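J.: Quick one: this structure, given as structure tokens, is what I'll be asking you about.
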Amino acid sequence: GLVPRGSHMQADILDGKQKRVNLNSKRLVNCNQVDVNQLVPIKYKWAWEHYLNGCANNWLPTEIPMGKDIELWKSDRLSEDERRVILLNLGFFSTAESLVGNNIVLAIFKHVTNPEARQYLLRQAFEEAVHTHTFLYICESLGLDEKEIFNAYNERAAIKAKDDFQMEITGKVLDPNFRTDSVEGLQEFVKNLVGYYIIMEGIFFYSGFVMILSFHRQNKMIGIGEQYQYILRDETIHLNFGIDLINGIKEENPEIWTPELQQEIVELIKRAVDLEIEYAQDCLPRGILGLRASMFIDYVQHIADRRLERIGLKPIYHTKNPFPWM
Amino acid sequence: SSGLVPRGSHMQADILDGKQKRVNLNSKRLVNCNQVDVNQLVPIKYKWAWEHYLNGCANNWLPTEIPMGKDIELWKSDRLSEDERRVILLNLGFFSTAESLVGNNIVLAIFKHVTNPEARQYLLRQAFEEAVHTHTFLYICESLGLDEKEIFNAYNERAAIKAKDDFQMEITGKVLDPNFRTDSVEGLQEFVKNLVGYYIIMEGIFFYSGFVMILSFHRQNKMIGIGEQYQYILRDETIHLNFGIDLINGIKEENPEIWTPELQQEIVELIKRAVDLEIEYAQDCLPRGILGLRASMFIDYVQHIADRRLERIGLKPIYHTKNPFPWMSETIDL
Ligand SMILES: [Fe+3]
Ligand SMILES: [Fe+3]
Ligand SMILES: [Mn+2]
Ligand SMILES: [Mn+2]
Numbered sequence: 077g078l079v080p081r082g083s084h085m086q087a088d089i090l091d092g093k094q095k096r097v098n099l100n101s102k103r104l105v106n107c108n109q110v111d112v113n114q115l116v117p118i119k120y121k122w123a124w125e126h127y128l129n130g131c132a133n134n135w136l137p138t139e140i141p142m143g144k145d146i147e148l149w150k151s152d153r154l155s156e157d158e159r160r161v162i163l164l165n166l167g168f169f170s171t172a173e174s175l176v177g178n179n180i181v182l183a184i185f186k187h188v189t190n191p192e193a194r195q196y197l198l199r200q201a202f203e204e205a206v207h208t209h210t211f212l213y214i215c216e217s218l219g220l221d222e223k224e225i226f227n228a229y230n231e232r233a234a235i236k237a238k239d240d241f242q243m244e245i246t247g248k249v250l251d252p253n254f255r256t257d258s259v260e261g262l263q264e265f266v267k268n269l270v271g272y273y274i275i276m277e278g279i280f281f282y283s284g285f286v287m288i289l290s291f292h293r294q295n296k297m298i299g300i301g302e303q304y305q306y307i308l309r310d311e312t313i314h315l316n317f318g319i320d321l322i323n324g325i326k327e328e329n330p331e332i333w334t335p336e337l338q339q340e341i342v343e344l345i346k347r348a349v350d351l352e353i354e355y356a357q358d359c360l361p362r363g364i365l366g367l368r369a370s371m372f373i374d375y376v377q378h379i380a381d382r383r384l385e386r387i388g389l390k391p392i393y394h395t396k397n398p399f400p401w402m
Numbered sequence: 010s011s012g013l014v015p016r017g018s019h020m021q022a023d024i025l026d027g028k029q030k031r032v033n034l035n036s037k038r039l040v041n042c043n044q045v046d047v048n049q050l051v052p053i054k055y056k057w058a059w060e061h062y063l064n065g066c067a068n069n070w071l072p073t074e075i076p077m078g079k080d081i082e083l084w085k086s087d088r089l090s091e092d093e094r095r096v097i098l099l100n101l102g103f104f105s106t107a108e109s110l111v112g113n114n115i116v117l118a119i120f121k122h123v124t125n126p127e128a129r130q131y132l133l134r135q136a137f138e139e140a141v142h143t144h145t146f147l148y149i150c151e152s153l154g155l156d157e158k159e160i161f162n163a164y165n166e167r168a169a170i171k172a173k174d175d176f177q178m179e180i181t182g183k184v185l186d187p188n189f190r191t192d193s194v195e196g197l198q199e200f201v202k203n204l205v206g207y208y209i210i211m212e213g214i215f216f217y218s219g220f221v222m223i224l225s226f227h228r229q230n231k232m233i234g235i236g237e238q239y240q241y242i243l244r245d246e247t248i249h250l251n252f253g254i255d256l257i258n259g260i261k262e263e264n265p266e267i268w269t270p271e272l273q274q275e276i277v278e279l280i281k282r283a284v285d286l287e288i289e290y291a292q293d294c295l296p297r298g299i300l301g302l303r304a305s306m307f308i309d310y311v312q313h314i315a316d317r318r319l320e321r322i323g324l325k326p327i328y329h330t331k332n333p334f335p336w337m338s339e340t341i342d343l
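So the sequences go chain by chain: A and B. All you need for the working numbering is the position in the first sequence, starting with 1, plus 76. All you need for the working numbering is the position in the second sequence, starting with 1, plus 9.
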């Protein structure tokens with residue numbers, strides 16, 4: 077344990093060593109006693125681990141060949157019903173990624189007063205930018221009208237309904253006067269986390285994944301499928317991180333987790349399930365090979381139950397998973 | 010993709026007025042853009058921002074990919090002098106928190122006000138890159154068995170480092186006020202001063218004496234693991250600087266009324282002060298010479314790069330010094 081002479085930096089500000097961070101004073105929220113700019117010592121090892129795992133998942137949409145997809149798309153082989161599924165899913169995802177990434181930067185990051193958790197957030201937000209690039213790349217490859225696809229959430233009622241709900245559940249977190257140092261403020265902040273991690277990423281996105289990955293399984297639009305596989309790998313970590321963050325904030329601030337807040341979260345999850353079912357019905361008015369809307373009634377309920385359990389809430393639907401392969 | 014558009018390949022609107030929200034390319038602006046929907050990436054207007062984003066994405070690296078065995082062997086040996094160790098430690102000290110300062114300013118100050126989705130795409134890449142740089146300094150500390158708390162706290166313990174970061178805080182301005190807005194001449198000028206403080210001064214000047222000293226070791230075959238990590242950080246920082254210059258010049262072009270003789274002078278004076286603090290930091294790092302490095306060389310170098318930064322944002326060079334380190338403009342193959 078011996079090191080050469082001169083391997084330490086000498087301080088010349090004599091009071092400065094007091095600013096070294098005490099690991100145990102670190103908190104996920106409302107932490108202003110210690111220096112948020114120093115990463116070390118890392119307290120939340122789960123956050124750092126998610127960061128490292130995310131970094132190991134580097135990919136770019138432009139690495140994925142689209143030749144076979146373009147050839148299929150331009151042919152007469154796809155039914156109009158199949159094209160409808162693809163188009164509605166591209167319309168929803170094209171802007172939803174932006175909504176998620178903007179909320180991380182503009183709502184979440186300020187109030188997560190912890191450097192290792194913020195490291196992960198920076199990785200997550202970049203990953204949402206990659207997902208956006210994906211949708212641009214798909215549109216350009218297939219020769220879709222990119223404005224028509226990206227504007228879908230303003231033109232298609234079942235998509236608009238999901239993102240209008242998302243706006244509601246975002247709450248007042250963007251307001252200049254919003255703070256998390258009240259019980260009510262921190263409850264609102266947690267509802268925003270549930271809205272984006274549990275509902276948007278954890279329910280809305282997983283349902284679109286099934287539709288697209290169902291094509292991939294049939295050897296149709298395999299390039300889009302492969303991109304969605306990479307997106308799913310990322311979203312798995314986004315969800316695990318968000319659940320950890322929610323559970324961590326609960327643990328450190330047990331006064332927020334009232335029966336009232338719990339019921340409010342349950343009610344928002346129910347509303348999200350109903351919207352996602354409506355969206356699946358809009359995607360599948362008749363149903364295509366391997367996919368019918370009735371399967372989504374079961375699937376959306378099933379995943380909602382899994383998300384509820386992860387944040388300490390009772391399952392409510394008790395439906396089986398009709399897509400075991402997911 | 011040049012084949013016929015097939016029947017049924019359009020998605021039908023069931024909200025008839027919704028088409029009005031498709032974004033007109035000519036309505037997009039870098040700041041104060043409330044006329045169009047910021048959540049839609051397309052159509053891309055600022056091709057330069059998108060190019061920076063694609064270039065950054067092509068530069069993926071991780072500090073953990075760079076072997077540290079030879080550096081550990083050298084650090085543990087008597088073949089590195091006390092003065093050489095001081096250069097390494099002060100630079101690690103400064104960089105370890107500077108990356109977090111830059112990244113936090115991107116997210117908390119810049120992103121809100123850059124009202125354009127392609128520029129925001131680049132910002133998210135840049136902020137992630139700053140996290141990679143932070144990881145790099147943790148990895149170096151752990152690799153060499155340095156006291157991580159000592160290194161990351163350097164900016165509170167060393168006067169020449171604190172002086173730089175205190176200046177940085179000042180030049181951040183009032184942009185963090187949650188009621189700060191860029192929708193006035195004064196507001197937009199303050200925002201542009203923040204961009205100058207972070208892109209031109211922090212990233213474009215304060216990082217450079219450090220890059221020279223560390224890359225000088227790498228050229229001598231000393232601490233080549235740290236050197237390689239600094240080469241990757243340099244490649245990133247070059248793109249960060251180019252983007253910030255492009256953004257400052259684009260904001261000026263779109264809002265020429267902000268670029269007054271008074272603002273121009275204020276910017277020059279900020280850059281002059283940054284030069285003085287950076288020269289003082291180089292003197293702190295180098296009380297005595299090491300091979301190919303002396304504190305006095307940094308007077309010329311820091312002034313030379315400050316002139317180059319000034320020119321790029323349309324201001325006249327003021328120092329006219331030559332570059333003592335012309336190898337720094339040598340294409341590195343990574
Ligand atoms: Fe996500
Ligand atoms: Fe940078
Ligand atoms: Mn995503
Ligand atoms: Mn950096």
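Each residue gets a CB set at the ideal place from its N, CA and C atoms; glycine is no exception.
1. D320(A): beta carbon under 7 Å from a heavy atom of ligand 1?
2. Given that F285(A) touches chain B, what residues does it touch there, using C-beta distances under 7 Å?
3. Below 9 Å between beta carbons is the criterion; list the residues of the segment 32 to 54 of chain B that meet it against any residue of chain A, in chain order.
4. At a cut-off of 7 Å, is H207(A) close to ligand 3 when judged by its beta-carbon and the heavy atoms of the ligand?
5. Which chain B residues sit within Cβ distance under 7 Å of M85(A)?
6. Secondary structure at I299(B), three-state DSSP: helix, strand or coil?
7. Which runs of the alpha helix (DSSP H) fall wholly inside the segment 183 to 208 of chain A and span at least 4 residues, in chain order?
8. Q238(B) CB to nearest chain A CB: under 8 Å?
9. Give a single yes or no on whether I267(B) has its beta carbon closer than 7 Å to a heavy atom of ligand 4.
10. Starting from residue 57(A) and walking both ways along the alpha helix (DSSP H), at which residues does that stretch end?
11. Quick one: Cα of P117(A) to Cα of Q195(A), how far?
12. Considering just the uninterrupted stretch of the alpha helix (DSSP H) at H19(B), what are its terminal residues?
13. Since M85(A) and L98(B) should fall inside the 8 Å C-beta cutoff, what is the C-beta to C-beta distance between them, to a whole number of angstroms?
14. For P187(B), which residues in chain A fall below 7 Å Cβ to Cβ?
15. Looking only at its own chain, which residues have a Cβ that is under 7 Å from the Cβ of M287(A), when we skip the five neighbours before and after it?
16. Can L185(B) and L133(B) be called in contact, C-beta distance under 8 Å?
17. Taking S170(A) and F202(A) to be in contact with their CB atoms under 8 Å, please state how far apart those CB atoms are, rounded to whole angstroms.
18. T106(B) lies in the alpha helix (DSSP H); which residues open and close that run?
19. Mapping the DSSP letters down to three states, classify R347(A) as helix, strand or coil.
20. Are the segment 250 to 259 of chain A and the segment 271 to 291 of chain A touching, with three or more C-beta to C-beta distances below 8 Å?
21. Start and end of the alpha helix (DSSP H) containing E262(B)?
22. Which chain A residues sit within Cβ distance under 7 Å of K183(B)?
23. Count the other C-beta atoms from every protein chain shown that fall within 10 angstroms of the C-beta of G154(B), then say buried if there are 16 or more, exposed otherwise.
24. Under 7 Å, CB to any heavy atom of ligand 3. Which residues pass, going along the chain?
25. Mind the definition here: the segment 324 to 341 of chain A touches the segment 366 to 383 of chain A only if three or more C-beta pairs lie below 8 Å; say whether that holds.
26. Using a beta-carbon distance below 8 Å, is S10(B) in contact with chain A?
27. Roughly how many angstroms lie between the CA atoms of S305(B) and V45(B), to the nearest whole one?
28. Below 9 Å on C-beta distance, what does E199(B) contact in chain A?
29. Is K54(B) helix, strand or coil when you go by DSSP?
30. Using the Cβ count rule (16 or more neighbours within 10 Å means buried), how would you classify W401(A)?
31. Against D87(B), what residues of chain A qualify as contacts under a CB-to-CB distance less than 7 Å, listed in chain order?
32. Closer than 8 Å, CB to CB, is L302(B) near chain A or not?
33. Do you know offhand how far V47(B)'s Cα is from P126(B)'s?
34. Measure the C-alpha to C-alpha separation of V194(B) and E266(B) and round it to an integer number of angstroms.
T.: Put simply:
1. no
2. Within chain B, no residue comes near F285(A); the closest Cβ sits about 19 Å away, beyond 7 Å.
3. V32, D46, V47, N48, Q49, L50, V51, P52, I53
4. yes
5. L98, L99, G102, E159, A163, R167
6. strand
7. none
8. no
9. no
10. This structure does not reach residue 57(A), given that chain A is present from 77 up to 402, and the question cannot be answered.
11. 14 Å
12. Unbroken run through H19(B): none, as it is neither H nor E.
13. 4 Å
14. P252
15. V161, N165, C359, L367
16. no
17. Actually they do not touch by this definition, with Cβ atoms about 18 Å apart.
18. 91 to 114
19. helix
20. no
21. 233 to 263
22. Residues of chain A passing the Cβ test: none, with the nearest at roughly 13 Å.
23. exposed
24. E173(A), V176(A), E203(A), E204(A), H207(A), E277(A), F281(A), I307(A), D310(A), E311(A), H314(A)
25. no
26. yes
27. 52 Å
28. In chain order: nothing, as chain A lies at least about 16 Å away.
29. coil
30. exposed
31. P80
32. no
33. 6 Å
34. 8 Å
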